[PDB]
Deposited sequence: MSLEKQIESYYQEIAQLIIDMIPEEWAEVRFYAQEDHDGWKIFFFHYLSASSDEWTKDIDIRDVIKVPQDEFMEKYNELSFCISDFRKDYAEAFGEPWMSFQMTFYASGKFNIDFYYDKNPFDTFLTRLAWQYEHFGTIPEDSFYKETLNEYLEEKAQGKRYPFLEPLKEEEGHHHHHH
């Protein structure tokens, strides 16, 4: 079925991410983006089981035990998998996704949503805005805070970027 084939892409992507995570995790959220011209942004965050804090993929290198090339190899395979998935999806569906979001849990639950919007933001600002939407994080550094304001002023005008957003007292 088409559903099972989508599950296989999920499993293959999740496994590559799991291969890069150096410790026990409770939850992972992954963002992947590619346009018609091959411009790409992708990253994941994961909830550490032992500290209960979210950790960025890019921070793994600080604590990594295996050689860097081993990590970069999985990174490459993940970047390939994203592009290969996009082509096949476009051949089947008739058009490509522009981005997707995937969350998965220790329990084996997952969900994946596809989006067809252009992202006007660069990699650095895409991650901060993604963080902001997913976890309410304002960053500590002042330059990072200023950069996040770029996104926040866009939202203040009534613009929305559902591609980087998660899914009555007073």
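Unmodelled segments of the deposited chain, in sequence order: 1, 169-176.
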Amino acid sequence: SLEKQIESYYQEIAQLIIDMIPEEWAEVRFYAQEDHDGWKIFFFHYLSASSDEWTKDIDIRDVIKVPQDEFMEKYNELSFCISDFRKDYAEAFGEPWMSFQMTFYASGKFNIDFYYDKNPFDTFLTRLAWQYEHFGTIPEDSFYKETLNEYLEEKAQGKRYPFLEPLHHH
From here on, numbers count along this sequence of modelled residues.
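For the two regions 55-63 and 119-127, the entry's Cα B-factors average higher over 55-63. Between 140-148 and 99-107, the higher mean Cα B-factor belongs to 140-148. Based on the entry's C-alpha B-factors, the most elevated value among 34, 133, 27, 69 belongs to 133. The deposited CA B-factor of residue 41 belongs to the lowest third of values across its chain. The deposited CA B-factor of residue 6 belongs to the middle third of values across its chain.
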